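K.L.:
For reference, the structure I am asking about is given below.
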Amino acid sequence: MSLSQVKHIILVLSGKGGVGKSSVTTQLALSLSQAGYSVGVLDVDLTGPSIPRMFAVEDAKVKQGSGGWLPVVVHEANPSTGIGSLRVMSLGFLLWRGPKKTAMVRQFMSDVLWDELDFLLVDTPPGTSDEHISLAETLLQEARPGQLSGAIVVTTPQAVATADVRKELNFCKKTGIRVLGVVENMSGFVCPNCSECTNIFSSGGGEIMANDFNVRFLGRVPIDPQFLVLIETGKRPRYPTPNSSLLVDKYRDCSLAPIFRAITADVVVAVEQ
Amino acid sequence: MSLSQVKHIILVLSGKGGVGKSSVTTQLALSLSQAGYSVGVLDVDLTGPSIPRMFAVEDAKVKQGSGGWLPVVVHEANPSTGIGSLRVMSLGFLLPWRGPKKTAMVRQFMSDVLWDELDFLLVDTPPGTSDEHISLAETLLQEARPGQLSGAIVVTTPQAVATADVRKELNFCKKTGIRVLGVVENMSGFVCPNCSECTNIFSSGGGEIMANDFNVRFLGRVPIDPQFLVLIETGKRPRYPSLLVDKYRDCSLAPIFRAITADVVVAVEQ
Ligand code: SF4
C-alpha cells in the first residue's frame, strides 16, 4: 500500500555503530539523486546519527495527507539540471516497549506516502540484536518480490575483528538478503590545506574480507572534514541551519562526490542486473 | 597479584572500543620510558588492537618463571639514554571461553603474571562498564596496597556525541573509589604526511569544558597521525615534509605525550 510504487529498496547495514553508516546513506542518497533518480531515505536507526539532521530538515513539520504521512522534502526534482527529488522520513517522528513497539513501527512505515520512488534507502540500526532482527524480518515481510534490491554493508579498516561485518553478512545469507556490496568508510584522509588524499595505512583488509564472502566490494571512502562542515554548517567545500535544497548542489563540490558517484553507478548496474 | 614491587598502577579506561585506547596506552608507556621510569603493560583487552603487535614483540615466546608468566622485555634500561626498562604481558601471548568463565580465566591470568620491580604498571582494560569488567577492577582493588592504585585515565573521542560514555566511566571510578587522573580526548584532529598540518573541525576545547564541568583533570588532546601507524607496522621513522622508543621520538605525537605523561606524573606523586 505504501511501497506499491517504490521500485528498489536498499538496506544500509552495519554490525557496529560509529562507522559513519548514516553518512554513507546520506551520500548514496544524494548521489542517486544527482544521477536523476527519485530517492527516499527511511531512517529507523534511532541510536545512530540523525539522517534528517544531516539533510538539515530536523526541524521540519511532517505533513499529514489523507490516510498517511508525507515524507519531508530535502529538495524537489529539477529536470533542467537532471537531479531527482529527495525525501526523508524518520522513525523519530513516531518517537521503551517490546513487541507492541515493533507493531507500531510496522504500522508507521506502512503509513508513509512514498508514492513513486526509484530507490528507497533504509538506515537500519547496527548489530543483530533480537529487537533489530524482528524489525529486519518486518521489512522482508512487507516487501514484495523483486523490490528488495538487497543490502549495503558499511565497515571500517580500523576494526581488528571483522566479526560484525562477518555477522551482518552471515545474517544476510541466512535470511536471503542479497548483498549488493561492502563500503569501507573512513579509509584515508582528504583535507583542506591541500587536496592530497592519503591513506599510508592502505591495507584496511576490507577488500579481502569481501573476497572471503564472494561478495562485492564497492570501494573505499576517505574522511573529508569538509563534508562534516558542509552537513553541520552548510559551508560549501573548497580545495586549494543550512538550507536543505542547497545541499545536493554543494555536495558535487565535495571530494567525496566523485567517489560516491562511482559507487552509485556500480550499485545501479548491480540492482538493474 | 605479584604487585608487591609495582609502585604505581594506572588504569586506562574507555566507554567503548575503537577510540585508540590501546595506542594511547602504547604511547604513555613509551613516554614514561623516555622519562627514565621502568614500565610494565598489562593488556587485558582482547577485542582491541594487540598491544604486543604494537611493541613489535607479538611473535615472542613468553617464559614461565616461579609459578607464573614472566613479562616480555621490549627493551631494557639504558642509563646513557635516560630510558627505562619496558615490559609487556598480554593474553595474545598465550592464545592461538565466554561468559563468567572468560573473565574467570582473565582474572586468573592477571594473578599469574610476575611483574617484580616496576615504577609504573599500565593496564589496558576492556571498554565499557559491564559487571564482568567491574569484577576485573574489583580484583585489582583488592590486591592493591592503599597507595598503589594511582588512578584511571579515561580515553574518549571528540567526534563521538556519546558524552555519557565518559560519565559512566567517572561515575564508576567514583563508585569503586578509583581516582581519575584525567581525560584524554583522542582522535582529535589529523596530522598529514604530505605536510605537517594538523586539521581539526570539532569544538576545539569541547573536551576541555566537559572535563571542567565534571571537575576532572583534562590531560590533553591527541590527533590522528597515520605515520605513527606505519612506524608501528613497518619501523619507518616518521618524516614530516633501532628501537621503537627512539624512532618514536620522531613522531609528531611524541611531544604531546611528553606533556600528558608529565601531568600524570605530577598528579600521581601528590
Ligand atoms: S594539505 Fe596536504 S600536507 Fe597538509 S595536511 Fe592536508 S593533505 Fe597533509
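Cβ coordinates were reconstructed from backbone atoms using ideal geometry, including for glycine residues, and neighbour counts include every protein chain displayed. Rule-based calculations on the coordinates, nothing more; no lab input.
K.L.:
Quick check on my filter: what residues within segment B:220-243 are touching a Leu at 6+ places or on another chain (Cβ under 7 Å) and closer than 19 Å to residue B:19 by Cα?
P.N.:
Passing the criteria: B:222, B:225, B:228.
K.L.:
Oh, and also: Counting only residues that are away from chain B (no Cβ under 14 Å) and in contact with a helix residue (DSSP H, G or I) (Cβ under 6 Å, 6 or more places away or on another chain), how many does segment A:224-249 have?
P.N.:
Final tally of qualifying residues: 2.
K.L.:
Closer than 21 Å to residue B:8 by Cβ and not basic (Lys, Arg) - does that describe any residue in segment B:231-254?
P.N.:
yes
K.L.:
Looking at (1) more than 14 Å from chain B (Cβ to nearest Cβ); (2) under 20 Å from residue A:105 (Cα atoms); (3) not in a loop (DSSP other than H, G, I, E, B), which is the only condition residue A:3 fails?
P.N.:
Condition (3) is where residue A:3 drops out.
K.L.:
Also: Among the listed residues A:14, A:38, A:50, identify the single one that is of a type outside the set (A, V, I, L, M, F, W, C) and crowded, with 24+ Cβ neighbours inside 10 Å.
P.N.:
A:14
K.L.:
Would you confirm whether any residue within segment B:257-270 is within 14 Å of another protein chain (Cβ to nearest Cβ), of a type in the set (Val, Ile, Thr) and in contact with a helix residue (DSSP H, G or I) (Cβ under 8 Å, 6 or more places away or on another chain)?
P.N.:
no
K.L.:
Scan segment B:47-60 for residues that are more than 9 Å from chain A (Cβ to nearest Cβ), in a loop (DSSP other than H, G, I, E, B) and within 14 Å of the chain's Cα centre (by Cα) and jot them down. Spell out the reasoning first.
P.N.:
To start, the set of residues in segment B:47-60 that are more than 9 Å from chain A (Cβ to nearest Cβ) comprises B:51-60.
Subset that is in a loop (DSSP other than H, G, I, E, B): B:55-60.
Listed by number, the list holds a single entry, B:55.
K.L.:
Could you count how many residues in segment A:156-194 are more than 10 Å from chain B (Cβ to nearest Cβ) and over 13 Å from residue A:223 (Cβ atoms)?
P.N.:
Adding up the residues that qualify gives 21.
K.L.:
Let me ask another. Could you tell me which numbered condition residue A:144 fails, if it satisfies all but one of (1) within 27 Å of residue A:266 (Cα to Cα); (2) surrounded by 14 or more Cβ atoms within 10 Å (Cβ to Cβ)?
P.N.:
Only one criterion in (1) within 27 Å of residue A:266 (Cα to Cα); (2) surrounded by 14 or more Cβ atoms within 10 Å (Cβ to Cβ) is unmet by residue A:144, namely (2).
K.L.:
Please go through segment A:131-154 and pick out each residue that is in contact with a strand residue (DSSP E or B) (Cβ under 6 Å, 6 or more places away or on another chain) and among the β-branched types (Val, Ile, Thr).
P.N.:
Within segment A:131-154, A:152, A:153, A:154 meet the criteria.
K.L.:
Further question: Kindly check whether there is at least one residue in segment B:21-35 that is within 14 Å of chain A (Cβ to nearest Cβ) and not polar (S, T, N, Q).
P.N.:
Within segment B:21-35, one or more residues are within 14 Å of chain A (Cβ to nearest Cβ) and not polar (S, T, N, Q).
K.L.:
Cβ-Cβ distance below 9 Å, separation of 6 or more or different chains: which pairs start in segment B:181-199 with a residue that is farther than 30 Å from residue B:269 by Cβ and end on one that is among the β-branched types (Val, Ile, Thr) and more than 16 Å from the ligand (Cβ to nearest atom)?
P.N.:
Here the result reads B:189/B:222, each pair linking segment B:181-199 to a residue that is among the β-branched types (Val, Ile, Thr) and more than 16 Å from the ligand (Cβ to nearest atom).
K.L.:
Within segment B:244-261, does at least one residue satisfy the condition of being touching a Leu at 6+ places or on another chain (Cβ under 7 Å) and polar (S, T, N, Q)?
P.N.:
The answer is yes, given that some residue of segment B:244-261 is touching a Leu at 6+ places or on another chain (Cβ under 7 Å) and polar (S, T, N, Q).
K.L.:
Still on this structure: Out of B:31, B:66, B:90, report the one residue that is out of contact with any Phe, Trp or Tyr (no Cβ under 9 Å at 6 or more places or on another chain) and buried (at least 17 other Cβ atoms within 10 Å of the Cβ).
P.N.:
Of B:31, B:66, B:90, the one residue that is out of contact with any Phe, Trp or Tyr (no Cβ under 9 Å at 6 or more places or on another chain) and buried (at least 17 other Cβ atoms within 10 Å of the Cβ) is B:90.
K.L.:
Having 1 or more residues that are within 16 Å of the ligand (Cβ to nearest atom) is the bar; report the helices (runs of 4 or more DSSP H) wholly within segment B:152-270 that clear it.
P.N.:
Here the list reads B:226-234, B:253-268.
K.L.:
Something else about it: Could you list all residues from segment A:236-267 that are surrounded by 17 or more Cβ atoms within 10 Å (Cβ to Cβ) and hydrophobic (A, V, I, L, M, F, W, C)?
P.N.:
Correct list: A:247, A:248, A:254, A:256, A:257, A:259, A:260, A:263, A:267.
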